[PDB]
$ cat entry38.pdb   # PDB, C-alpha atoms (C1' of nucleotides)
ATOM      1  CA  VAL A 253       0.000   0.000   0.000  1.00  0.00           C
ATOM      2  CA  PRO A 254       1.087   3.582  -0.822  1.00  0.00           C
ATOM      3  CA  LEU A 255       2.128   5.955   1.981  1.00  0.00           C
ATOM      4  CA  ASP A 256       0.998   9.599   2.136  1.00  0.00           C
ATOM      5  CA  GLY A 257       3.946  11.512   0.700  1.00  0.00           C
ATOM      6  CA  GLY A 258       5.575   9.142  -1.766  1.00  0.00           C
ATOM      7  CA  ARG A 259       6.757   6.057   0.128  1.00  0.00           C
ATOM      8  CA  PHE A 260       5.548   2.519   0.886  1.00  0.00           C
ATOM      9  CA  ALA A 261       4.038   0.941   4.011  1.00  0.00           C
ATOM     10  CA  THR A 262       4.501  -2.639   2.777  1.00  0.00           C
ATOM     11  CA  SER A 263       4.606  -5.843   4.830  1.00  0.00           C
ATOM     12  CA  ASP A 264       7.885  -7.634   4.081  1.00  0.00           C
ATOM     13  CA  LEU A 265       5.959 -10.643   2.746  1.00  0.00           C
ATOM     14  CA  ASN A 266       6.579  -9.084  -0.678  1.00  0.00           C
ATOM     15  CA  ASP A 267      10.215  -8.194   0.119  1.00  0.00           C
ATOM     16  CA  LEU A 268      10.938 -11.874   0.744  1.00  0.00           C
ATOM     17  CA  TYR A 269       9.109 -13.525  -2.129  1.00  0.00           C
ATOM     18  CA  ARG A 270      10.747 -10.870  -4.303  1.00  0.00           C
ATOM     19  CA  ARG A 271      14.003 -12.192  -2.885  1.00  0.00           C
ATOM     20  CA  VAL A 272      12.929 -15.794  -3.423  1.00  0.00           C
ATOM     21  CA  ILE A 273      12.426 -14.850  -7.071  1.00  0.00           C
ATOM     22  CA  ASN A 274      15.213 -12.307  -7.643  1.00  0.00           C
ATOM     23  CA  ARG A 275      17.644 -15.023  -6.609  1.00  0.00           C
ATOM     24  CA  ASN A 276      15.603 -17.653  -8.449  1.00  0.00           C
ATOM     25  CA  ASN A 277      15.662 -15.998 -11.867  1.00  0.00           C
ATOM     26  CA  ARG A 278      19.303 -15.091 -11.376  1.00  0.00           C
ATOM     27  CA  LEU A 279      19.917 -18.801 -10.752  1.00  0.00           C
ATOM     28  CA  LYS A 280      18.268 -19.939 -13.983  1.00  0.00           C
ATOM     29  CA  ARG A 281      20.227 -17.177 -15.714  1.00  0.00           C
ATOM     30  CA  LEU A 282      23.457 -18.472 -14.193  1.00  0.00           C
ATOM     31  CA  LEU A 283      22.683 -21.861 -15.732  1.00  0.00           C
ATOM     32  CA  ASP A 284      21.999 -20.646 -19.278  1.00  0.00           C
ATOM     33  CA  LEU A 285      25.334 -18.892 -18.827  1.00  0.00           C
ATOM     34  CA  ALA A 286      26.610 -22.238 -17.538  1.00  0.00           C
ATOM     35  CA  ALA A 287      28.803 -20.879 -14.733  1.00  0.00           C
ATOM     36  CA  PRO A 288      31.146 -23.211 -12.762  1.00  0.00           C
ATOM     37  CA  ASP A 289      29.800 -25.547 -10.038  1.00  0.00           C
ATOM     38  CA  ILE A 290      30.557 -24.143  -6.553  1.00  0.00           C
ATOM     39  CA  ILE A 291      29.401 -20.693  -7.740  1.00  0.00           C
ATOM     40  CA  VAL A 292      25.963 -21.623  -9.097  1.00  0.00           C
ATOM     41  CA  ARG A 293      25.706 -24.054  -6.196  1.00  0.00           C
ATOM     42  CA  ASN A 294      26.406 -21.176  -3.814  1.00  0.00           C
ATOM     43  CA  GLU A 295      23.384 -19.736  -5.630  1.00  0.00           C
ATOM     44  CA  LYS A 296      21.321 -22.747  -4.554  1.00  0.00           C
ATOM     45  CA  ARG A 297      22.540 -21.953  -1.040  1.00  0.00           C
ATOM     46  CA  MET A 298      20.863 -18.572  -1.429  1.00  0.00           C
ATOM     47  CA  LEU A 299      17.852 -20.342  -2.910  1.00  0.00           C
ATOM     48  CA  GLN A 300      17.375 -22.543   0.155  1.00  0.00           C
ATOM     49  CA  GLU A 301      18.008 -19.617   2.501  1.00  0.00           C
TER      50      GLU A 301
ATOM     51  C1'   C B   1      69.678 -51.841 -57.692  1.00  0.00           C
ATOM     52  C1'   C B   2      63.271 -48.724 -51.605  1.00  0.00           C
ATOM     53  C1'   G B   3      60.610 -44.736 -60.035  1.00  0.00           C
ATOM     54  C1'   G B   4      55.732 -50.202 -54.427  1.00  0.00           C
ATOM     55  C1'   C B   5      60.175 -53.585 -58.587  1.00  0.00           C
ATOM     56  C1'   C B   6      57.955 -59.156 -57.453  1.00  0.00           C
ATOM     57  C1'   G B   7      54.013 -61.675 -54.012  1.00  0.00           C
ATOM     58  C1'   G B   8      50.044 -60.889 -50.852  1.00  0.00           C
ATOM     59  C1'   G B   9      45.278 -58.259 -48.492  1.00  0.00           C
ATOM     60  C1'   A B  10      39.918 -56.039 -48.586  1.00  0.00           C
ATOM     61  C1'   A B  11      38.954 -52.082 -43.958  1.00  0.00           C
ATOM     62  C1'   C B  12      40.624 -47.190 -45.802  1.00  0.00           C
ATOM     63  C1'   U B  13      42.133 -43.075 -49.784  1.00  0.00           C
ATOM     64  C1'   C B  14      39.398 -43.185 -54.854  1.00  0.00           C
ATOM     65  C1'   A B  15      34.874 -44.706 -57.742  1.00  0.00           C
ATOM     66  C1'   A B  16      29.881 -46.641 -59.793  1.00  0.00           C
ATOM     67  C1'   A B  17      25.348 -47.080 -56.705  1.00  0.00           C
ATOM     68  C1'   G B  18      20.947 -48.814 -52.608  1.00  0.00           C
ATOM     69  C1'   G B  19      20.292 -45.311 -48.361  1.00  0.00           C
ATOM     70  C1'   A B  20      21.036 -42.582 -43.125  1.00  0.00           C
ATOM     71  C1'   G B  21      21.333 -37.371 -42.374  1.00  0.00           C
ATOM     72  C1'   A B  22      20.264 -31.059 -41.197  1.00  0.00           C
ATOM     73  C1'   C B  23      13.952 -30.623 -40.212  1.00  0.00           C
ATOM     74  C1'   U B  24      14.533 -25.046 -36.437  1.00  0.00           C
ATOM     75  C1'   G B  25      15.532 -31.683 -33.043  1.00  0.00           C
ATOM     76  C1'   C B  26      16.918 -29.173 -27.490  1.00  0.00           C
ATOM     77  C1'   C B  27      17.718 -25.179 -23.709  1.00  0.00           C
ATOM     78  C1'   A B  28      17.415 -19.905 -22.638  1.00  0.00           C
ATOM     79  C1'   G B  29      16.404 -14.598 -23.295  1.00  0.00           C
ATOM     80  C1'   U B  30      13.392 -11.033 -26.050  1.00  0.00           C
ATOM     81  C1'   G B  31       8.412 -10.945 -27.643  1.00  0.00           C
ATOM     82  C1'   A B  32       0.755 -10.160 -27.720  1.00  0.00           C
ATOM     83  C1'   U B  33       0.642 -17.943 -24.674  1.00  0.00           C
ATOM     84  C1'   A B  34       1.851 -17.575 -32.378  1.00  0.00           C
ATOM     85  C1'   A B  35       5.808 -16.647 -35.806  1.00  0.00           C
ATOM     86  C1'   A B  36      10.546 -14.983 -35.822  1.00  0.00           C
ATOM     87  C1'   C B  37      15.911 -13.368 -34.617  1.00  0.00           C
ATOM     88  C1'   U B  38      20.606 -14.034 -31.734  1.00  0.00           C
ATOM     89  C1'   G B  39      24.114 -17.202 -28.621  1.00  0.00           C
ATOM     90  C1'   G B  40      25.694 -22.134 -27.099  1.00  0.00           C
ATOM     91  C1'   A B  41      25.879 -27.397 -26.580  1.00  0.00           C
ATOM     92  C1'   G B  42      24.835 -31.458 -29.780  1.00  0.00           C
ATOM     93  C1'   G B  43      26.824 -32.244 -34.794  1.00  0.00           C
ATOM     94  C1'   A B  44      30.676 -34.065 -40.872  1.00  0.00           C
ATOM     95  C1'   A B  45      28.059 -29.504 -42.628  1.00  0.00           C
ATOM     96  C1'   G B  46      23.226 -24.620 -39.017  1.00  0.00           C
ATOM     97  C1'   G B  47      20.232 -21.520 -38.960  1.00  0.00           C
ATOM     98  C1'   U B  48      16.667 -22.527 -46.932  1.00  0.00           C
ATOM     99  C1'   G B  49      24.983 -24.369 -44.912  1.00  0.00           C
ATOM    100  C1'   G B  50      27.204 -22.361 -50.333  1.00  0.00           C
ATOM    101  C1'   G B  51      26.622 -22.282 -56.108  1.00  0.00           C
ATOM    102  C1'   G B  52      24.261 -23.524 -60.952  1.00  0.00           C
ATOM    103  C1'   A B  53      19.775 -24.876 -63.408  1.00  0.00           C
ATOM    104  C1'   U B  54      14.414 -23.297 -62.799  1.00  0.00           C
ATOM    105  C1'   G B  55      13.000 -16.735 -64.948  1.00  0.00           C
ATOM    106  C1'   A B  56       4.921 -15.700 -62.644  1.00  0.00           C
ATOM    107  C1'   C B  57       0.875 -12.600 -66.201  1.00  0.00           C
ATOM    108  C1'   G B  58       3.514  -8.964 -68.716  1.00  0.00           C
ATOM    109  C1'   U B  59       7.386  -4.180 -70.453  1.00  0.00           C
ATOM    110  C1'   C B  60      10.748  -3.181 -75.110  1.00  0.00           C
ATOM    111  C1'   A B  61       5.860  -3.652 -82.520  1.00  0.00           C
ATOM    112  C1'   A B  62      14.338  -5.117 -78.975  1.00  0.00           C
ATOM    113  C1'   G B  63      17.125  -9.478 -82.324  1.00  0.00           C
ATOM    114  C1'   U B  64      17.056 -13.537 -86.492  1.00  0.00           C
ATOM    115  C1'   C B  65      13.281 -13.764 -93.297  1.00  0.00           C
ATOM    116  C1'   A B  66      22.154 -14.584 -92.862  1.00  0.00           C
ATOM    117  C1'   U B  67      20.614 -22.434 -89.603  1.00  0.00           C
ATOM    118  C1'   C B  68      15.787 -22.690 -91.918  1.00  0.00           C
ATOM    119  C1'   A B  69      10.764 -22.266 -93.457  1.00  0.00           C
ATOM    120  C1'   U B  70       7.010 -18.668 -95.137  1.00  0.00           C
ATOM    121  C1'   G B  71       0.945 -15.293 -97.303  1.00  0.00           C
ATOM    122  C1'   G B  72       3.379 -12.362-100.874  1.00  0.00           C
ATOM    123  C1'   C B  73       7.418  -8.917-104.055  1.00  0.00           C
ATOM    124  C1'   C B  74      11.675  -8.854-107.615  1.00  0.00           C
ATOM    125  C1'   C B  75      14.996 -11.573-111.024  1.00  0.00           C
ATOM    126  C1'   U B  76      14.243 -16.091-114.571  1.00  0.00           C
ATOM    127  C1'   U B  77      20.405 -14.534-122.085  1.00  0.00           C
ATOM    128  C1'   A B  78      19.709 -12.679-114.661  1.00  0.00           C
ATOM    129  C1'   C B  79      21.287 -10.041-109.177  1.00  0.00           C
ATOM    130  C1'   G B  80      21.095 -17.840-110.689  1.00  0.00           C
ATOM    131  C1'   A B  81      25.918 -20.593-111.415  1.00  0.00           C
TER     132        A B  81
END

$ encode --input "entry38.pdb" --output "structure tokens"
Amino acid sequence: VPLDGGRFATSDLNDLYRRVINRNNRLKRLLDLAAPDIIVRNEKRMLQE
RNA sequence: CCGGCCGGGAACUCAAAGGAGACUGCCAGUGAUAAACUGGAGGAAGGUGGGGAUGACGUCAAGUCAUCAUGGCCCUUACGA
């Protein structure tokens, strides 16, 4: 929801699923790029977190 | 006396052919879930892989009567030989 003035009074539910997906799309990107193991796997670390 | 000179062999180089194959088959991004384009792996060859042949109705009364033939015109003691 918008805040009077020009800001946002949002419940972090969004700011976590956004994270679940920012990281998620970046992960699929990192695989089309075919980056080395431990790096894209460190990405799956961030996916499970 | 290694310009394979003499045996020997049938897989290959080469060649005459029956066929496989490459068709956007797969992943991803972009994008109106369509099509399409780019990159990469796969792959002998990749985005109709390259080239020739194939030239849609027509434009130009453009070429050939000098391959030849032809409705006709001229010559037939001739230009015919």

$ resolve_selection --input "entry38.pdb" --expression "the PyMOL selection byres ((chain B) within 9 of (chain A))" --output "list in words"
residues 27, 28, 29 and 40 of chain B

$ atom_distance --input "entry38.pdb" --atom1 "atom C1' of residue 13 of chain B" --atom2 "atom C1' of residue 51 of chain B"
26.7 Å

$ atom_distance --input "entry38.pdb" --atom1 "atom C1' of residue 80 of chain B" --atom2 "atom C1' of residue 68 of chain B"
20.1 Å

$ residues_around --input "entry38.pdb" --residues "residue 295 of chain A" --least-positions-apart "5" --cutoff "12 Å" --atoms "only C-alpha atoms (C1' of nucleotides)" --output "PDB file with C-alpha atoms, in the coordinates of the input"
ATOM      1  CA  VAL A 272      12.929 -15.794  -3.423  1.00  0.00           C
ATOM      2  CA  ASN A 274      15.213 -12.307  -7.643  1.00  0.00           C
ATOM      3  CA  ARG A 275      17.644 -15.023  -6.609  1.00  0.00           C
ATOM      4  CA  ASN A 276      15.603 -17.653  -8.449  1.00  0.00           C
ATOM      5  CA  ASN A 277      15.662 -15.998 -11.867  1.00  0.00           C
ATOM      6  CA  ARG A 278      19.303 -15.091 -11.376  1.00  0.00           C
ATOM      7  CA  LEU A 279      19.917 -18.801 -10.752  1.00  0.00           C
ATOM      8  CA  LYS A 280      18.268 -19.939 -13.983  1.00  0.00           C
ATOM      9  CA  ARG A 281      20.227 -17.177 -15.714  1.00  0.00           C
ATOM     10  CA  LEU A 282      23.457 -18.472 -14.193  1.00  0.00           C
ATOM     11  CA  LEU A 283      22.683 -21.861 -15.732  1.00  0.00           C
ATOM     12  CA  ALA A 287      28.803 -20.879 -14.733  1.00  0.00           C
ATOM     13  CA  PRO A 288      31.146 -23.211 -12.762  1.00  0.00           C
ATOM     14  CA  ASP A 289      29.800 -25.547 -10.038  1.00  0.00           C
ATOM     15  CA  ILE A 290      30.557 -24.143  -6.553  1.00  0.00           C
ATOM     16  CA  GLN A 300      17.375 -22.543   0.155  1.00  0.00           C
ATOM     17  CA  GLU A 301      18.008 -19.617   2.501  1.00  0.00           C
TER      18      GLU A 301
END

$ residues_around --input "entry38.pdb" --residues "segment 41-49 of chain B" --least-positions-apart "2" --cutoff "10 Å" --atoms "all atoms listed in the file" --output "ChimeraX atom specification"
/B:22,24-27

$ write_last_selection --input "entry38.pdb" --atoms "C-alpha atoms (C1' of nucleotides)" --output "PDB file, keeping the file's coordinate frame"
ATOM      1  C1'   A B  22      20.264 -31.059 -41.197  1.00  0.00           C
ATOM      2  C1'   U B  24      14.533 -25.046 -36.437  1.00  0.00           C
ATOM      3  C1'   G B  25      15.532 -31.683 -33.043  1.00  0.00           C
ATOM      4  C1'   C B  26      16.918 -29.173 -27.490  1.00  0.00           C
ATOM      5  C1'   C B  27      17.718 -25.179 -23.709  1.00  0.00           C
TER       6        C B  27
END

$ atom_distance --input "entry38.pdb" --atom1 "atom CA of residue 273 of chain A" --atom2 "atom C1' of residue 30 of chain B"
19.4 Å
